[PDB]
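In what follows, a structure is listed as structure tokens, so that the remarks can point back to it.
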Amino acid sequence: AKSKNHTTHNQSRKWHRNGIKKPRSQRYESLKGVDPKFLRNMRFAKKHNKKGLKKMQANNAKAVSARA
Amino acid sequence: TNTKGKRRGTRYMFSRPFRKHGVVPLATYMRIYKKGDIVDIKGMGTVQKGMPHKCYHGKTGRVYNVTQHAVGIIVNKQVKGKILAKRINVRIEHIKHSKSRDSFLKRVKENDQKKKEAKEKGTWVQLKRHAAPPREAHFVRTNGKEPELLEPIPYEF
Amino acid sequence: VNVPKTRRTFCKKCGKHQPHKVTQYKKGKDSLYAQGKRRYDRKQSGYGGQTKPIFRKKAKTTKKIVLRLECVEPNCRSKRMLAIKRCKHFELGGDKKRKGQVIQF
Amino acid sequence: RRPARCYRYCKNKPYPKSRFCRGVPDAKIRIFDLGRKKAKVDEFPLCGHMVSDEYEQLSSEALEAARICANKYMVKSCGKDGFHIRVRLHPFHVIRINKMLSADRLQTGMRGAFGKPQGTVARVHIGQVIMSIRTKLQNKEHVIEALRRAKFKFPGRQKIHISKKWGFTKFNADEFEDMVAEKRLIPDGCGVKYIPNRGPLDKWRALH
RNA sequence: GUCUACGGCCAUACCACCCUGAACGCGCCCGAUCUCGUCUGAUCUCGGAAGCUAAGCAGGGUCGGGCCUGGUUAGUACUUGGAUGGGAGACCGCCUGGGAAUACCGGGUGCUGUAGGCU
RNA sequence: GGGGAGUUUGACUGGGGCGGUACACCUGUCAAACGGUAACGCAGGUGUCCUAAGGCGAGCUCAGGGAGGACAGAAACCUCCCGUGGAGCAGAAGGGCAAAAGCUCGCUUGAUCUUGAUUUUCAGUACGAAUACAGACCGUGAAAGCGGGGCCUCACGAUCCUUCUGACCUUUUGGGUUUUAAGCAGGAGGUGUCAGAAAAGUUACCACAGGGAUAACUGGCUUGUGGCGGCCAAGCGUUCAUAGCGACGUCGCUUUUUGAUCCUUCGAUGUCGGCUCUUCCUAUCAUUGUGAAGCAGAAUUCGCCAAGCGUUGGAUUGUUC
RNA sequence: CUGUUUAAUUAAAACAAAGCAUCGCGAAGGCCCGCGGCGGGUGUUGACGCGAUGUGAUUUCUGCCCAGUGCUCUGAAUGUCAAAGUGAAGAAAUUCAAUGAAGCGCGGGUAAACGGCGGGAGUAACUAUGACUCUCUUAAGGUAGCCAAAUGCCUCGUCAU
RNA sequence: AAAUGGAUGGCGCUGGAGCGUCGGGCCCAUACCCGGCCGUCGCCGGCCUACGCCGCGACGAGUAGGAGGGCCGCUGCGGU
RNA sequence: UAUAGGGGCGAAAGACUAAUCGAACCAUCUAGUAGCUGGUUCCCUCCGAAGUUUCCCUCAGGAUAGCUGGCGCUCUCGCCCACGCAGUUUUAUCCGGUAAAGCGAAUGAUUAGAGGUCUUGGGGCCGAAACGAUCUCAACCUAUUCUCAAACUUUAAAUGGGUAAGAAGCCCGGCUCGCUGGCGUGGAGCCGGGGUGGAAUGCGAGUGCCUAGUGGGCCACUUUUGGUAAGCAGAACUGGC
Ligand SMILES: [Mg+2]
Ligand SMILES: [Mg+2]
Ligand SMILES: [Mg+2]
Ligand SMILES: [Mg+2]
Ligand SMILES: [Mg+2]
Ligand SMILES: [Mg+2]
Ligand SMILES: [Mg+2]
Ligand SMILES: [Mg+2]
Ligand SMILES: [Mg+2]
Ligand SMILES: [Mg+2]
Ligand SMILES: [Mg+2]
Ligand SMILES: [Mg+2]
Ligand SMILES: [Mg+2]
Ligand SMILES: [Mg+2]
Ligand SMILES: [Mg+2]
Ligand SMILES: [Mg+2]
Ligand SMILES: [Mg+2]
Ligand SMILES: [Mg+2]
Ligand SMILES: [Mg+2]
Ligand SMILES: [Mg+2]
Ligand SMILES: [Mg+2]
Ligand SMILES: [Mg+2]
Ligand SMILES: [Mg+2]
Ligand SMILES: [Mg+2]
Ligand SMILES: [Mg+2]
Ligand SMILES: [Mg+2]
Ligand SMILES: [Mg+2]
Ligand SMILES: [Mg+2]
Ligand SMILES: [Mg+2]
Ligand SMILES: [Mg+2]
Ligand SMILES: [Mg+2]
Ligand SMILES: [Mg+2]
Ligand SMILES: [Mg+2]
Ligand SMILES: [Mg+2]
Ligand SMILES: [Mg+2]
Ligand SMILES: [Mg+2]
Ligand SMILES: [Mg+2]
Ligand SMILES: [Mg+2]
Ligand SMILES: [Mg+2]
Ligand SMILES: [Mg+2]
Ligand SMILES: [Mg+2]
Ligand SMILES: [Mg+2]
Ligand SMILES: [Mg+2]
Ligand SMILES: [Mg+2]
Ligand SMILES: [Mg+2]
Ligand SMILES: [Mg+2]
Ligand SMILES: [Mg+2]
Ligand SMILES: [Mg+2]
Ligand SMILES: [Mg+2]
Ligand SMILES: [Mg+2]
Ligand SMILES: [Zn+2]
């Protein structure tokens, strides 16, 4: 009882009925697969930022506000 | 039944061009690749360490990871049903920059320069592109020379 | 294949490359009261008859060769198993082959 | 042997004899030049051509029969050693046959019916020359009649044409007698060598 | 107008032959005691500076061979879409668009990135 | 211990069986210049080998050819020259490689540990294979660097059970010690029908549910084969191609043979031959009227309009023949 | 031969038959029935008997093979070998060791037990075919008979009627 | 040259009712345009059963299958 | 009168055993199981397919994905400018090895002629024989010449594949790093104020859950594999039943 083996007929119609839209592009996609050393350095820079940010950046903001 | 394989059917795709065999040129190594730049993929046969799959040949994608001898590229591979954003780790031997992004950057620089320069003069410059418009009415010239008559040649075997 | 009898390899216990001694691995005999043999015996006992199946249709010709690496450092006695690809003929210790030899038959 | 009706058109890709056939019967034709091969280029001025009008296949046996007919007519029309014929078409496409049940339904119907090679044919395109004959200036009607006789033996539909070229060379007949006088064409047996101007000066010093 | 050291493009810059090279530089070249290695100081290594552009090398030339580019081949072979177009078929023509290569001919044959010595 | 009882008799398949594995995995074409794409489509392979044929560093350049040297001869060894891969890289092919991935030399096991993410068939599940990292210990070179197997594309295996390795680990049930057992992680013992049941044959004494998804009848599509014609004309025909044939080639009709496919028929179309009987077809055996011969007559051979009329009696064979 | 056979598609060449052979058994036995008993059939029986097979009037013939598959017999010289029993180690579970009943393996016999019975080369004063001979094989190579048979594909074999 | 008598569809057609190139008219589909009516959807409008009453526009085929409405229908029970 | 159902009986046909015998009849398990046939009941309205991927002792089936429907939910227009999307085009940008073409270019096949001969082999000539000399053929080389390659290729189309055409972007200043490091070097992260009109056309989009049916297809223009061919078997895009 030989039958049909494999065809791709009437497949593009099934695909285009729902759509072949591109994947959802969003900001801050992901951080997976990134170098572990680079990720560790980024975490350290993010967690040590508020130590010196809230003072020197505030002083510079006051200075630029006095400038303009 | 078609003998699916990792390098099936790349006899002419992964081969080096004619009169271009030998060691790799050193200019392709000194190129800088940062995160977020749009690059292209072209499989090279000189090295076989980090070559991509035959389905990503000629594909353009952005870089999301950088390492010592390779780069991570997010490629939009169209599977039968939809498109998947796949992360691929390929060495720098098979990657080159995309001039489309460079042309776009040059165009946006020209635009933000032209507008900044014309704001003072008050001239509303048309920096937005357009399609090729139909040519306007022009005046040809014959300078007294009569147009040459064209006649179809008789058939000859 | 041919393998060396002694090779300095990373030791899991002390965390350092120590000279281990390579020997052949022999599958130990399955002793009784192993919680699988007891269950098998209790299942076979009775009038049922061959509760568990016996494997037929053997296809694999040879097995995978594994080596027992034992660390020679005193008061360490670290033992490990190292597997290699399948092979028909395996030889534990022999002379090294050379080039420009006297292979004349 | 199967008739020529079933091996007329071009239905399959070229299947030449190579390392993948590993078996093929020998062709029917063995010789392509039948006139005087040692003739010079100034011996036979004109030349005819059998140009095919249909894109089909020509069998080597048909080529053999047609060239035998042409030679038999020519050696009687203008005598032996007075012409030069050439079958330009060469057979390389190998047609395969599938012998059917060596007569009973015991054997397989179409299971593994790739078949074995049967013979060799020649693929001809529209406008491709099959045969070409060179003779003297007065044997025009004789060449035309020989090509007409070969037409009745070749299948399909092919016409006759007397080319403006000089013999077998790619040069015209009008620009040949004046270009061979001065050093621009060198006759070498049945062919002519065209000497270009972009060569070393020693080749020009050797002449003149 | 040139070379050396390090390099990008990787024959417009490779191959064979023939001419020129002033002042630096490259090299040829002279010698094995120490560093070093072979049968051999030929090659690789520490000592040079008696001669040389003979060679490499750098330029120029060949109605030179290759390489690049441009005409010819040619709107030709092909090809997207169309017809109730032709033909018995094989195949072909038309409309709307894109458009190849070999013969043949003509032109070129290195340009530059950093440090340095000369006329 | 078939005396008796239970159960099984792989799948694909131009019907089924036999044949073969297209059932697991690769190379080139098929494949229509992204990827993908079938047939019992083509041309081939694999279930291994390597303590080096892995890694590093250095040196050298291969196959072949040209001209010479005592035995030396086509091929022994030495020297010079040409030598862009025409050799070699373990094995089937494709790609790739020249101070190299090829040969030689010296040290070496990175062919060792560990957690993730990613690529490949993909349902984007697993196995296998592979990529780039990261964390410790080492190899190598002076060093930049390379190496966590073979230059790349295949060379291999779930659950349960068994065995081995490690914690100076967890539980062994009212509380302690010990043997033992169970428990965590990773290596092996196999499912080649290779995402993995433990399996012989016959039934013409056969039964059941179904199938025209699937053979043995007919009919239908093509005519390879069979039969029947045409064209060319090398030759036979004492002479002479075509009175009569006509090779080498080539173009057509037929379903009165066989074969190819399985479209209707499986809740049945009663499947060989013979006897009796009707009608039709013409590619005419004879008869009516004709043309041509190598037609003296007679007897013959080749065609034309031509199916109106006939085309028998028996021996053996079920026989068509 | 007489006889019997598929009631309701077969009457036979089938079955049966006397005859011819072979096997087991001397009764605490041979062949069988039986869930059970020293329960039952042969057996109110005893080798001229019982039980199990093959061939199938009379005559003459009963060829050769025990290699294989079956049957049977032998010696604790001899290999494998379960429970149970013995010794040892261990605190014990447990482990090891010594010995080892039938059977299997080894050897002999048996084919009126199942069965089988090949293939090359040189040799006659017309030549061939072939008297005769050499050689591989396994256990032996179709002897006496008979035939295109109810057994022969080629085959509608060849010759005579 | 093929077997029941028979197929440009038939009758028939030859200054065409045949072939090739064409012109002006004409014939009709559930297609197009205009208009009425029914339903769905969207937008809605109003402080007239709000689960009701209106307005505009665009669309309506369909096996297997999935939903919504029924003031369609049969039986029995609690209210009316 | 004795033998009663895996039993009896059988001069053996697997025949007979109450019209049933290659395993009787009666009742129960039992409404045994069936991937297999047949059937499956009222109206209207709306939406509306698949015969395809992978796996299975899988091929008359099932699971998975895909196609479909329902329930929603989150926003956007409606009073010089939109978020976003597209079976499409335009502009830049690479990717490829088909059609075609070539082999007086690599590899493998391939017909014939012309010249030169270093050597090799076969013939004829001078003549004790002799690379002492000569004519010719085969072989080799050179420059041409005819015809081909789905598993050849220098070159190389059309069609076609991916990306980009902005506010998720650019310019400026300052902080953090245990990452790297001559250097306040490089690279990432964060903060702060200033500047939207960025190719054409068309359109409202995004997302969650549940889910039936399907899992035998066929035909056509064109490109194609096996076959002589088939209303034959097997593929790619599109359309149709
Ligand atoms: Mg199917
Ligand atoms: Mg027991
Ligand atoms: Mg020394
Ligand atoms: Mg020394
Ligand atoms: Mg020296
Ligand atoms: Mg010099
Ligand atoms: Mg000089
Ligand atoms: Mg030149
Ligand atoms: Mg077209
Ligand atoms: Mg049984
Ligand atoms: Mg089957
Ligand atoms: Mg394609
Ligand atoms: Mg492709
Ligand atoms: Mg090296
Ligand atoms: Mg290879
Ligand atoms: Mg190669
Ligand atoms: Mg590391
Ligand atoms: Mg499987
Ligand atoms: Mg059975
Ligand atoms: Mg019977
Ligand atoms: Mg059918
Ligand atoms: Mg025929
Ligand atoms: Mg049929
Ligand atoms: Mg009937
Ligand atoms: Mg009937
Ligand atoms: Mg009649
Ligand atoms: Mg009786
Ligand atoms: Mg009867
Ligand atoms: Mg008794
Ligand atoms: Mg008798
Ligand atoms: Mg006997
Ligand atoms: Mg015996
Ligand atoms: Mg005991
Ligand atoms: Mg004799
Ligand atoms: Mg005899
Ligand atoms: Mg007799
Ligand atoms: Mg009529
Ligand atoms: Mg409508
Ligand atoms: Mg509807
Ligand atoms: Mg009512
Ligand atoms: Mg029973
Ligand atoms: Mg009865
Ligand atoms: Mg029963
Ligand atoms: Mg029921
Ligand atoms: Mg299926
Ligand atoms: Mg949906
Ligand atoms: Mg290809
Ligand atoms: Mg081609
Ligand atoms: Mg079919
Ligand atoms: Mg089909
Ligand atoms: Zn250790």
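Values quoted throughout were computed directly from the atomic coordinates according to the rules given, and no laboratory measurement underlies them. Positions of Cβ are generated from backbone atoms using ideal geometry, with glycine treated the same way; all protein chains shown enter the neighbour counts.
Brief remarks on what is shown
- Entries of A:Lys21/B:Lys77; A:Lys21/B:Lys42; B:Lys34/B:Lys86 with Cα pairs more than 24 Å apart: A:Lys21/B:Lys42
- Packing-based order for D:177-183, D:91-97, using average beta carbon neighbours within 10 Å, highest first: D:91-97, D:177-183
- Selection from B:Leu149, B:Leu105, B:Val75, by position along the positive dipole direction of the range B:4-157 (Cβ): B:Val75
- Placing pseudo-labels 7 Å out from each Cα toward the beta carbon at B:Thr10 and C:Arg7 gives an inter-label distance of 3.1 nm.
- Magnitude of the charge dipole, the protein assembly as shown, Cβ model with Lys/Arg +1 and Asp/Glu -1, debye to 20: 6400
- Two-site FRET efficiency, C:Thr23 against C:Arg86, from Cβ-Cβ distance with R₀ of 25 Å, rounded to 0.05: 0.80
- Taking a Cβ cut-off of under 9 Å around D:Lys28, the surrounding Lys, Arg, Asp and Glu residues balance to a net charge of -2, with basic ones at +1 and acidic ones at -1.
- From phi via Karplus (6.51, -1.76, 1.60), per-residue ³J(HN,Hα) for the range B:52-69 in Hz, x at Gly/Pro: x, 7, 5, 7, 8, 5, x, 9, 10, x, 9, 8, 10, 8, 10, 9, 4, 10
- Residue among B:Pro25, B:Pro133, B:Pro52 with the largest mean-square fluctuation in a Gaussian network model of chain B, springs linking Cα atoms under 10 Å: B:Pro133
- Greater than 29 Å apart at Cα, pairs in A:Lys14/D:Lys11; D:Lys72/D:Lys136; A:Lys22/B:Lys49; D:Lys11/D:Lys151: A:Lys14/D:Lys11; A:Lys22/B:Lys49
- Packing-based order for D:76-87, D:39-50, using average beta carbon neighbours within 10 Å, highest first: D:39-50, D:76-87
- Prolate/oblate/rounded label for the range B:67-157 (Cα gyration tensor, a/c 1.5): oblate
- Theoretical FRET efficiency, 1/(1+(r/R0)^6), r = Cβ-Cβ of B:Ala132 and B:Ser98, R0 25 Å, to 0.05: 0.50
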